[PDB]
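Included below are structure tokens for two forms of one protein chain, each presented in isolation as structure 1 and structure 2.
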Structure 1
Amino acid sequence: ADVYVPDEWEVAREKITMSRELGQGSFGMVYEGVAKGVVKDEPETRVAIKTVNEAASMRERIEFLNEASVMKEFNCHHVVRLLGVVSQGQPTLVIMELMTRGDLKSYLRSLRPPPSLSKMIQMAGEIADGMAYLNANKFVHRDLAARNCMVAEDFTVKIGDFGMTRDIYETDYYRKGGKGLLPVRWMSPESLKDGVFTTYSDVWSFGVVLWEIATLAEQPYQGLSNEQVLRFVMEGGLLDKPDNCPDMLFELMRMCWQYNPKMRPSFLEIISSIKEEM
């Protein structure tokens, strides 16, 4: 819209403190912190606070709240929970459940120096729970990667979005035609060719996340450039079975990377498929 209309999700600047720093978000810096009177039965609650650039335009501020207004509808334990908005005041804030172990790509890379089929299959099921929920509330994530999946103190996996502007995952984006950043290494053929983002194109990215878990977050298509990735995937090229990859997990990957998007499974079908095995 041209406007944002404050509602009861609003929470006073007073009750938000910020501790350390979490990363460069799209509209501003993101910080860890603490928040009061936002989950009653808890006096203080540990949160993540994303912020709007002091510089950044008003129509950019509207653009920022309206994306977090989408999260007010949501109620899935495998999607990072919205706790509040702080629109009235200078630094324009959104508060969120704090996922203590940060993003799934750092967690998998932290295990390099195997994990069990079981334990991998689990993560796959928890990611697919969130994603099934999202596709059902008519949300297409269009940047599902392990770096946007978030981990909890208990090692539970929740779907998130940390945007494209973190220095730490710069190799993971290509300014194609020199326009906006594109996570080309994760993108369906149809998303690469024609710019078509669907439930189905999320199921392609989910197959790359499976590949990330199996490899412990190796760079997909290592030793190809972004232009070479484009060509390879647009021509029906696929990823190699990771070394030591269980059969059951690589078969999900293939299913998810059908060229024809209507050949691929729904998240709902993926959840079914794993759930027979537990």
Structure 2
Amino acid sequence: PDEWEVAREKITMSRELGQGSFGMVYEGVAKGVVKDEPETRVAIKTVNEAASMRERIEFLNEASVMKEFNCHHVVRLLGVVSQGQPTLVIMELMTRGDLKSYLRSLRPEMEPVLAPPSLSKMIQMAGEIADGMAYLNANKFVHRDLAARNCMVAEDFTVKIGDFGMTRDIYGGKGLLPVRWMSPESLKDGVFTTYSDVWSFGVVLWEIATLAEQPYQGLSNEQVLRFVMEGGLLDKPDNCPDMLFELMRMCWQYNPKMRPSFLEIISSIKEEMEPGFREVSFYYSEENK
């Protein structure tokens, strides 16, 4: 505890956003949580009164992890409020919701105001996710669960990595395993490396290219388990840019050592990102330069 903690009176909840894992996430304003900013619009993660514990510790610790992180492409944590009423945490507001939800919305099936992404807007999207992964791995971190559902999208369309439920250190489990996003080795030996995160990135890229469709439709997790351990692979989406699919296949090399690194992935596309990347991105930063 200590330090990150901030006054409960400095956080006022405006309206509700949506039910979250632990509790209904809200949107509000925080007093003095950002330099040069009197007030800041934020997202309030709360927990239900139900789990008076045996989880409230789990909650605050997932946020404790975020403390270590500080990147443009990784949702920023702007304070926690442990000791007190509803144990909550406040962080950088991502008005547009998770990438999976945002992508689902672009599909015509649910008629609009935004057209599907463009091969360009997809690279920018891939590259942003990758920068954040590149940074996470750089600080000796593994996500273990990288998927569209755990990426947030900001009003200005910036995509960042905003969920660290399974994110542990390179060094029970109430809930299903992200079978469909898991590498072969992860599925086989319970192994998790930066390399597996990459394998998952690939799946994320597939999600983008199919607008967050279900990976391996028809197959059950078990079947996926098998299928993938035998070298199985998802097909090339309909109308997928040759470029994008190539990047997928690269992330799915069976051999964990043959797959590219996040830094490597960024470099293969840096020439196609949007100008402003060169500044804000961790990649071109001096903390890796």
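Numbering for residues begins at 1 and runs along the sequence of structure 1. Superpose the two forms; the largest set of C-alphas matching within 1.5 Å is the rigid core.
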property	result
Rigid-core frame, C-alpha of residue 241, shift of 2 angstroms or more between structure 1 and structure 2	no
Shift of residue 231 between structure 1 and structure 2 at or above 2 Å (CA, core fit)	no
Displaced residue check between structure 1 and structure 2: residue 64, CA, 2 Å or over, core reference	yes
Core-fitted comparison between structure 1 and structure 2 - CA shift at residue 55, Å	4.9
Shift in Å of the residue 272 Cα between structure 1 and structure 2 [rigid core superposition]	0.3
Shift in Å of the residue 17 Cα between structure 1 and structure 2 [rigid core superposition]	1.7
